[PDB]
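Here you'll find one protein chain in two forms, each presented separately as C-alpha cells under the names structure 1 and structure 2.
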Structure 1
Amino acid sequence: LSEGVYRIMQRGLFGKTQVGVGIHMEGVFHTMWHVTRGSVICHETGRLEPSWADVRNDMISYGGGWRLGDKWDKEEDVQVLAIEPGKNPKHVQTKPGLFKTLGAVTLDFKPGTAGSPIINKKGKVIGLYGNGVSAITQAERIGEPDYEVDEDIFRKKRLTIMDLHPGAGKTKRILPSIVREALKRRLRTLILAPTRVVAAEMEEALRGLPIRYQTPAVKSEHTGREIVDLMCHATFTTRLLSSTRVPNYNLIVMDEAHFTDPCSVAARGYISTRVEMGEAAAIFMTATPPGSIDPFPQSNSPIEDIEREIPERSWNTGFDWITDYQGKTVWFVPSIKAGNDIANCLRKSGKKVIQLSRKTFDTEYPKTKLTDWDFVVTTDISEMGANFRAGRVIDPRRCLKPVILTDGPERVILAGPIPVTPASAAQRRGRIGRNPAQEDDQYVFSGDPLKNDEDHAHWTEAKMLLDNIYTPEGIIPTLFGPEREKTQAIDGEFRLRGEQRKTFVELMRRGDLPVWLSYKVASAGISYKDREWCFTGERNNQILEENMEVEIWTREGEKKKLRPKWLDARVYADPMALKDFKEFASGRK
C-alpha cells in the first residue's frame, strides 16, 4: 500500500475505534506491540501479517523487518505528528529528555495516538510516540533486511541452496516469485514438495499461475513448457523408475530438501546429475542445508530454550508443567508406539490430542488447522514443512534408525530410541519461533543431538533406487555430493535388469514395501503376484503382533504363520504398517 501515516481502527461494539497509529515505510508497516498485539491487519486490496516483534520494547513490524533507522541526536527539535482519534492530524514540536533504567517527549496525547511518528527536520522517522513523559520508541537495530532470493540463479550448471528459516516468506512470496521468473524465461519447470499437504499449500500460494499437480497414479503427463509441474518427491523418483518419458526440466525446485527419505535422497541425486550435465538449474530450499549442525539456529521470533526431564511413557506424577501449559504443544515421539502411549496419557488428563505419522499425515494434519486441539503428538514426519500455530515444542530428541544388519542373515532392524541428528533437532525446534506472540515460544528439550546417521539404511536404499534410474544420454546418476559419503555402498551394485527391475518398482509402488525389502524379493527373481516368501522364512523370522504370533489366511483359503524369507522391521513396527503388509501377504493387493 501507500507510504504514510495510518490510523489503526478496531471493529468493536457499535463502531470502529482508533486503537493506535502506524507508519508504512519502504514497504513495511510499523507500529507498537500493545496496539495490535500480533493480530492481522486488514486493508482493502490487501492483507498484512506480522513478521517481526519486540514485545519488551513494544514494537511490531508487518511485511518485513523494522526499517526505521534514523535516530535522535540529543538537543535537537523533534516533531510528533500526533494522530488523535476523532481529531485532525497535528504537528507538535517539543524538546525531549533523557533515559533512566536499562529520550522522552513531555507530550500528553489521548490513548489511541500510540504509534504516531516522531520526526526530525529531515522528514525521517526517529521513533514512535508510545509509552506513557513518553519515550521516543525506536529499535536499536533495523532488519533482518530485504529478501532471501532473486539473483541470476537461473543459469545452466548452477545448483542453489536457499537456507530459508521459517518466517522467511518462502511459500507466500519467494516461491511464486521464482515461478514467475521461470515462466518469463520459458523454463520447463518442476516443483517438488515433501508431502501432498505441502504441495496443496503451494497450489494456494501459486494460485493464478499455470500449475499442474502430478499424481503418482500416472507415470507421465505432458502438455508443454507453459505448464509448471508440481509433485511429491517420491512421485518424481517413481516416475524416473517407471517411465522413459520424463521431461528434461530446465529448472527443478525441491522444497524441504533435507528430507532423508530414500526416494527424496535419490531424487536429489538425479537432480544434481542433470545440473552437472549442463542441462538444468536447480534450487534446494531447506533451513538445514548439508553442513548445518546448529541445533539452536536464529529465528525470526524469539525462542525460549528449556532443558528438562521429558517422559518417554505414561506418567502419573511429576510433570505438571506439561499439562499446566495454557497454549498449544507439538510433541515429537521416537515412534508411533511411543506416540500412542503419550497421547493416551494426555487424553486421560482431558487434553485434546491429534496424532501424526507418515501414513496418516495427509488425513490427520488438516485437522490441526481446522479443529481446536491442545497437543500434537508426531513422529519425525513433521520435520518436513508441517506448520502449526503452537507456542511450545516438546522434543525428547529421540528417534528410531533403520539399519541393515550384516551379522548373520541380512535383515533390517529399527535401532533405538537413539538421539536425533543436529539438523533434525533444528527442524523440530523450527516448528516454533515463526509467529510473534506475547510470550516467547518455548522449546522444551532433553539430551544433546548426535551425528550418527552413517549406518542409516536410507543411504543404501537411495542407491538401490539411483542405480536403477537411467538417464536418456547414458550418464550414471550418483548421490548428491554432500550426501555421497554417507554410505559405503558400491556404485551400481544394486542394478537390476529386465523384469526384475519392473517387479522391484511394483513391489514399492503397488506393494507399499520398503526399498530394501522390495529389492531383496525382486533380485530373487520372484514375481509380484507370488507371496509364498511371506511364509517360508526361518522360525526366527516369525512376526509378532501385540505379543502374539501373526497367522494369515492366504488367498487360496489356507491359514499359515506370517514368517517372511526376508525380515524388514518397518513392515511390523506399528498396527497400520502391519495391517498393510498382511494385506500383501494375503495377496489382496
Structure 2
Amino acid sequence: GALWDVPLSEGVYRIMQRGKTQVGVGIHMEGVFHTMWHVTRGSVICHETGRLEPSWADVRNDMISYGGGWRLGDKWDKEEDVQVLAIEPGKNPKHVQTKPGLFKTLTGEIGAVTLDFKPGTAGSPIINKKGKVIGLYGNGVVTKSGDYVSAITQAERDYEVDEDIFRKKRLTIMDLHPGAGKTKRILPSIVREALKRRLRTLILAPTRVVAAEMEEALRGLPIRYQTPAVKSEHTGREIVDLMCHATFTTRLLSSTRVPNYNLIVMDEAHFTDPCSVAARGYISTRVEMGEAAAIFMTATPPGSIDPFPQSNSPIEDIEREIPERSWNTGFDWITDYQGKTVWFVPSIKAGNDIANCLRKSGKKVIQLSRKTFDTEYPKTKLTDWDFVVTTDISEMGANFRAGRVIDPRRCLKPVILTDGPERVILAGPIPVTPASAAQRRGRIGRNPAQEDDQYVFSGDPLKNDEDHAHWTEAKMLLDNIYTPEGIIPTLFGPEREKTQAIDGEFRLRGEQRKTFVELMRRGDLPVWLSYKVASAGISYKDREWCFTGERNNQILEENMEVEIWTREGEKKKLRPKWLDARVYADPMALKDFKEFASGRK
C-alpha cells in the first residue's frame, strides 16, 4: 500500500458531514480508525477527542486508515457465513447474516455479499463468528438483474533494504522525495536490521525538530539523543546514537572518544551548512578507510539540476511576479488565497517586511530563521496560521501542512573576498540553486488528499555557488579533525571541486583549536571569523579585536555608528579587526555580536 504525511474511543462510528448528514461508517480497532476510501478520500476526521489524519491508503482497494496502519487481518475463508453490521442513516444498527457468494475478479477472487442497504452504509463492518471484523461493506457492483452485490473488502497487512548498504567501504545515496515514508518506514527498517547485524549506528539529523520526528518514528527502539553539551558518551549496551550534524562535527573538534560507528546515516545530506559539509567529509573518509558504511538520504543528491521533480501528489507550477518587499496593491492573488502558504524570502529583513505587510492585512504570520527555527517551527502546528515567511532554513526537513509555496527563488550568499583585506560579505539577493528551488517546492505536493497544491515562483535558478564561503569554512572545520597516519580528511567528493582551498592549510595548534571551537559554539560566531581570531593567538575572553579595525570596518545599525560599552565601562566604537557581514546581517545577530563585544557573553 501507501503511507501518508502530516507532522481514544471504542466501537464503530457514523461518519457525519456538516455541509448533520451521514456519509459513511468506520471501525475503531486496535487504536486505528478503519474506513473506506470513497467515503472520505483523505479528509480530516474532526471529533471531540481531537482530529484524525490519514496514515495508510490503498486506493486500488478502496481502503483508508486514520491514526496508524491497519490491524484488520481476519479474512473470509470461502466457506463460512458472516454478518453485516449495517448502520443506516437515521436508524439503529442491524445485523444481517448471509452466506457470501464470490467476486471472481480478473485476478482473482474475493468473497462478496448480496445485501442492499441505504446510501451511507459504506464502511459497515462484516463480522466473524468469533466476533472479528472480516471486511468492509460499501464497495460492490450491480448485476444484470438490477440486484446489488457488495464485496468483502479487506486489507492484507515496511521496506526491505539491500544488504550491501551495510557493506563497509560503501557510500549509498538514497534519493527520497517527500511522501516516501522516509522518516516513518525506511529509516526505522534500516535501524531495525542494523541492530540485527549488531552495528554501531549513528543517525544524523539537520535540526533538533527533525531528530525529534525521528524519535517519534523510532519509538520502541534503543535510541539515545546526543546533545552538543557532551563531548562523548559511551554505554556498554547496544544502542543507536541520534544527534545533529553540528553536534557530530563539534564532538569531532573537541573530543577524543569519538567511537568508530561502522554505520552512519545522514538525513537531508544536501545541507550546505559548514558543519554538515565537514561531517560529510569525515564520514566519507571513514568509509574510504574501510571502517564504516554510510547512507546519505536526500531528495537532491549531487548532480541534481531539475527544479521541478515529480511529486507523489500533483503540483501546479505557476510563474508570475512576486513582491520583493511590502506592497499596497496589484497582488490580490496573494491575500485572496486562504489556504496555508509557505513564502521563502532571501533574508530575515525581507522576511520582516513581507511578514509585517501580510499582518497589516489581517493575516496571521509565522516567521522562521536559522536561530529561531527550533523554537518557532513547533508553533506552525500547535497554532494555526495563514503564512509562514521563512528563510532557506525550511529547506531542511521542515514539514508544513500547506497548499501553496511562494518562491521568488532568491537568497543571500556569504562570500570570502580577497581584495586585499580578507572579508566576508553577503552577496544578494541572487538566484538560488536548482536543488534549493526543488527543496522549497518540496514543501508541498506531499499530501495525497489535496490534488491542487500550487508552487508560485519567479525567475530561474543558478548554479553559481562556487565562491560560497561554506566550502572554505567546512575545510576550516575539517582541517581541525584528527585522523590516522596517511588518512587526510577532505570534503565530500562532489562538493570539493566547489572550493579551491588546499588541504590542511587551516589546522591550528592545540590551545588555539580550543579557542576556535569555543568562539563558534559559545561565542556563536561564524567559522571564518572564529578561525581568524583563533589563528591570531587571541584568547576567547580578549575582545579588543572588536574595536581595532580600520575605518571601513565600522559597524552600522539603523544608519548609526554602533557604539559599545565594554565590561570595564569604556565606550568604544564597534569596529572589528576582521569583518564578517553575518554578524550584523539582521537585528538579532547584531544584538548577540554586541553582547560578545561587550564581554558579557
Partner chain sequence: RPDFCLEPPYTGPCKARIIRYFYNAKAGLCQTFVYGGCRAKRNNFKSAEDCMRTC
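By rigid core we mean the largest C-alpha set that fits within 1.5 Å across both forms. Residue positions are counted from 1 along structure 1's sequence.
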Exercise. So which is the form deposited without the partner chain here, 1 or 2?
Worked result: 1
Seminar exercise, completed: After rigid core alignment between structure 1 and structure 2, the listed option with CA shift of 2 Å or more out of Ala168, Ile211, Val78, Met162 is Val78
Problem set entry | Did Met25 shift 2 Å or more between structure 1 and structure 2, C-alpha, core superposed | yes
Exercise. 2 Å or more on the CA of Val35 between structure 1 and structure 2, with the rigid core superposed, yes or no?
Worked result: yes
Problem set entry | Rigid core superposition, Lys124 Cα moves 2 angstroms or more between structure 1 and structure 2 | yes
For this session: Check the Cα of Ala53 between structure 1 and structure 2 on a core superposition and give its shift in Å.
Result: 9.2
Exercise. How much does the C-alpha of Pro472 move between structure 1 and structure 2, in Å, given a rigid core overlay?
Worked result: 4.7
Exercise. Once both forms share the same rigid core frame, by what distance in Å has the CA of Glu201 shifted between structure 1 and structure 2?
Worked result: 0.5
